[PDB]
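Numbered according to full-length UniProt numbering, the sequence shown spans residues 1882 to 1898, 1909, 1921 to 2078.
Since the structure comes first, as structure tokens, the remarks are kept for the end.
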Amino acid sequence: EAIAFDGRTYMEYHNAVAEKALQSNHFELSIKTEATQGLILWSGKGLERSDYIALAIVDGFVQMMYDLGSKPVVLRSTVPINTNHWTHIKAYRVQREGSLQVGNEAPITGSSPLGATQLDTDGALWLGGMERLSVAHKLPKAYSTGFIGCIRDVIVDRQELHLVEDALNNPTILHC
Ligand SMILES: [Ca+2]
């Protein structure tokens, strides 16, 4: 079941099986797009003070960004994502270290600054864009740009995410 996004489509989900302290994050999914800029996924409370970890298309390539409390670190892929062809994306973080693998490229890795190791969230996860966009002039434009393309087989922390009935904001479902 592939879902389509037209640039104004954003779905809200909450972590499946309070204030939680997460030591790790695991994201898998496939996407299809022609976009050079766009927010794919944002996990965090979404507030100015909140920690986060996100996936986005910045200037033609997928990149992973996260701030656990000691400033953000970015991991940028070397694969052009706007081929309009389905492409797999494997992303994970264990404490400070992270890995981003788009397609069959060699995994790009890195560590966020010394300090925080936990992502403090309430379980919120956004797809295609995010409600609280207080970042239009605080991060690259891609992060406040709705995604345009398709997404399928999304797996979060080893658990399959059901794009349609798991959504909470009763969105307008359009398939690819
Ligand atoms: Ca933290």
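All C-beta atoms in this analysis are idealised placements derived from N, C-alpha and C, irrespective of residue type, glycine included.
Listed in chain order, the non-local C-beta contacts of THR1980 below 6 Å within the same chain comprise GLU2007, local neighbours out to five positions each way being set aside. When distances are taken from the beta-carbon of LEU1949 to the heavy atoms of ligand 1, even the shortest one reaches 7 Å or more.
Taking C-beta separations shorter than 7 Å and ignoring five residues to either side along the sequence, the partners of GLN1965 in its chain run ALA1958, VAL1976, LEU1977, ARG1978, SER1979, following chain order. Taking non-hydrogen atoms of ligand 1 into account, the C-beta of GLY1971 is found less than 7 Å away from one of them.
Looking at the DSSP output, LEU1957 sits in a beta bridge with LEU1943, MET1966.
Spanning the alpha carbons of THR1989 and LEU1943 requires a straight line of approximately 15 Å. Nearest in C-alpha terms to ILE1884, of all of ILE2053, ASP1961, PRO1974, is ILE2053. The nearest non-hydrogen atom of ligand 1 is less than 7 Å from the C-beta of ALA2018. Here the alpha carbons of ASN1986 and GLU1921 stand approximately 39 Å from one another. When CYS2078, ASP2059, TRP2028 are compared, the shortest CA-CA separation from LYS1947 is found for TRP2028. For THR2011, the uninterrupted beta strand (DSSP E) run begins and ends at 2010 to 2013, by DSSP. Contact annotation: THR2047 and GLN1925 have beta-carbon atoms that are not nearer than 8 Å. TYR1891 and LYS1934 have their C-alpha atoms roughly 16 Å apart. Relative to ligand 1, the beta carbon of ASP2022 is positioned inside 7 Å of a heavy atom.
Placement of the Cβ of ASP1953 at a distance of less than 7 Å from at least one heavy atom of ligand 1 is found.
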